**Student:** 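I am attaching a structure below and will ask some questions about it afterwards.
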Amino acid sequence: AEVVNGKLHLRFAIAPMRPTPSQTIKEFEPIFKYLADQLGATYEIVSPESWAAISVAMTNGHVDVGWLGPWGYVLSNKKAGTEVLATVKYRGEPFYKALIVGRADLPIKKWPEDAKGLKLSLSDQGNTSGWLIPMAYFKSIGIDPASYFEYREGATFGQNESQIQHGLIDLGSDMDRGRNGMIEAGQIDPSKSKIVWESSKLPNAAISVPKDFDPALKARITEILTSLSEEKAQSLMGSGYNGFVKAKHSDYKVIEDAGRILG
């Protein structure tokens, strides 16, 4: 962050919460514009296609305020001391769940013991719900996805849902709040898929700043976001996202723990 020609400038970044960067920016830029306006700041914004990429951007000093996925925040905190200021609310709650979605007609009565050799697609290794949590689940039951499934990694949630719907894979990861938004936007036909597995509750996205971020600004940003009403917040964000709660590192313990156990 710097003051340019007397005017504060902020660099924003948004994780790939919606299926494409343009959708993500169109739907969530307004909360960032609001934030910048409360500070009298200019801004710039990007939304990378992968979850790992926004973590790396924050770690490598390119981002003043980032909306990071949980594992992206934990990784960046470990590497660079990135600080979480607040957690986003979805339907009024600072949590969400990971999914494994399957084709609607997939036999699953003995899941996942009846799924050997099926085509499973996980997301990039920076994706909490899309990679970290499902990998932790398989490892907890002694399954190595790369040798158990016809396995692919690195897909986006948009690719996973599309490929399931069109019969190109059997199984793919998603997150509940993400799937909800895709159904609400008419982007998938939910008759063609079903939830096969859901995780326990996970902490939601981490509104994050670099380690040495200006303390006065940090405090203002936190108050600006957390003081929003549900109605005002929702007016500025994609459907379902409707506020922020003050957060700290220990709120992400379950994610840190999962990452540790996977090495």
Side-chain angles (χ1 to χ4, degrees), residues 13-32 45-54 67-72 87-106 108 118-124 126-134 137 152-206 233-243:
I14 321 185
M17 299 201 353
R18 293 286 285 127
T20 71
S22 59
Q23 290 173 38
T24 303
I25 293 173
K26 184 172 161 276
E27 297 179 20
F28 290 85
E29 184 179 353
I31 189 59
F32 285 97
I45 191 160
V46 294
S47 186
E49 290 210 314
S50 79
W51 297 82
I54 189 171
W67 176 311
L68 276 49
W71 179 225
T87 299
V88 70
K89 296 184 205 161
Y90 183 84
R91 293 179 178 175
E93 297 294 355
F95 61 68
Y96 72 121
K97 295 177 172 177
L99 307 176
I100 295 164
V101 179
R103 298 184 299 97
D105 63 4
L106 188 70
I108 55 156
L118 295 177
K119 291 181 183 164
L120 165 71
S121 182
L122 297 184
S123 190
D124 69 87
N127 189 336
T128 318
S129 59
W131 185 86
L132 180 74
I133 292 298
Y137 163 76
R152 302 184 216 156
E153 199 168 89
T156 70
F157 288 157
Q159 288 169 335
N160 282 348
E161 288 282 10
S162 176
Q163 293 176 15
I164 292 162
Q165 177 167 326
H166 292 286
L168 296 177
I169 62 180
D170 300 300
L171 298 153
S173 55
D174 204 347
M175 56 183 184
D176 56 1
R177 50 188 168 92
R179 180 174 172 84
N180 294 345
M182 286 176 173
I183 296 167
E184 289 164 349
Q187 292 172 307
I188 65 170
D189 175 352
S191 76
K192 304 298 191 164
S193 61
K194 61 190 172 193
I195 298 173
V196 176
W197 178 79
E198 297 203 42
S199 74
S200 296
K201 295 177 180 170
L202 310 174
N204 271 354
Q234 176 66 96
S235 78
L236 295 169
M237 293 189 283
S239 307
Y241 294 90
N242 69 351

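Just so you know, these numbers use all the heavy atoms, side chains as well, and skip hydrogens, waters and symmetry mates. Position 1 is the first residue of the sequence; numbering continues from there.
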**Student:** Can you name the closest pair of heavy atoms from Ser123 and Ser173 and give their distance?
**Tutor:**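 Scanning both residues, the minimum pair turns out to be N-OG, 3.7 Å.
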**Student:** Rounded at 0.5 Å granularity, tell me how far CD1 in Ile14 sits from CD1 in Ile54.
**Tutor:**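 Reported value, rounded in 0.5 Å steps: 8.0 Å.
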**Student:** Do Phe32 and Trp67 pass the side chain to side chain contact (heavy atoms under 4.5 Å, CB included) test, and can you show the C-alpha distance, the side-chain angles, and the key distance before you say yes or no?
**Tutor:** CA-CA 10 Å; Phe32 285 97; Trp67 176 311; 4.0 Å; yes
**Student:** Does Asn180 form a side chain to side chain donor-acceptor pair (under 3.5 Å) with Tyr90? I'd like the steps, not just the answer.
**Tutor:** CA-CA 11 Å; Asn180 294 345; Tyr90 183 84; 3.0 Å; yes
**Student:** Just do the side chain to side chain contact (heavy atoms under 4.5 Å, CB included) check on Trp71 and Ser129 with the steps written out, would you?
**Tutor:** CA-CA 9 Å; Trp71 179 225; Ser129 59; over 6 Å; no
**Student:** Any donor-acceptor pair under 3.5 Å linking the side-chain atoms of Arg152 with those of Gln163?
**Tutor:**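 Their side chains do contain a donor-acceptor pair, which is all the 3.5 Å distance test asks for.
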**Student:** If you define the side chain from C-beta out and look only at heavy atoms, does anything of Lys97 sit under 4.5 Å from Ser199?
**Tutor:**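 They are in side-chain contact.
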**Student:** Any donor-acceptor pair under 3.5 Å linking the side chain of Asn127 with the backbone of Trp51?
**Tutor:**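 Judged by distance alone, no pair lies under 3.5 Å.
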**Student:** Do the side chain of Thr24 and the main chain of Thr20 share a donor and acceptor less than 3.5 angstrom apart?
**Tutor:**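 Here the side-chain-to-backbone pair exists.
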**Student:** Quick test of your reading: applying salt bridge (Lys or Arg N to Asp or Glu O under 4.0 Å), list the pairs with at least one residue in residues 156-173, sequence neighbours left out, ordered by first then second residue.
**Tutor:**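 For residues 156-173: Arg103-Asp170, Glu161-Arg179.
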**Student:** Quick check against the 3.5 Å criterion: does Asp124 have a side-chain atom that pairs as donor or acceptor with the backbone of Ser50?
**Tutor:**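 Checking the backbone N and O of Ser50 against the side chain of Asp124, no donor-acceptor pair under 3.5 Å is found.
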**Student:** Out of curiosity, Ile188 CD1 to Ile164 CD1, how far, rounded to the nearest 0.5 Å?
**Tutor:**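 Between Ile188 CD1 and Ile164 CD1, I get 8.5 Å after rounding to 0.5 Å.
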**Student:** Over all heavy atoms of both residues, which pair between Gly181 and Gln187 is shortest? Give the atoms and the distance, please.
**Tutor:**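 Smallest interatomic distance, heavy atoms only, reads O-OE1, 4.2 Å.
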**Student:** Indicate yes or no for a side-chain donor-acceptor contact from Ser193 to the backbone of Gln165 under 3.5 Å, with no hydrogens or angles considered.
**Tutor:**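 Pair absent, no side-chain N/O of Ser193 close to backbone of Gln165.
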**Student:** Using side chain to side chain contact (heavy atoms under 4.5 Å, CB included), reason through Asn160 and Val101 one step at a time and then give a plain yes or no.
**Tutor:** CA-CA 9 Å; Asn160 282 348; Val101 179; over 6 Å; no
**Student:** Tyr241 and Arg91: side-chain donor and acceptor closer than 3.5 Å?
**Tutor:**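 Short answer, no.
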**Student:** CE/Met175 to OH/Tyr96 distance, rounded to the nearest 0.5 angstrom?
**Tutor:**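 Between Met175 CE and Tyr96 OH, I get 7.0 Å after rounding to 0.5 Å.
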**Student:** Is the shortest side-chain heavy-atom distance between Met182 and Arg18 below 4.5 Å?
**Tutor:**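 Yes, side chains in contact.
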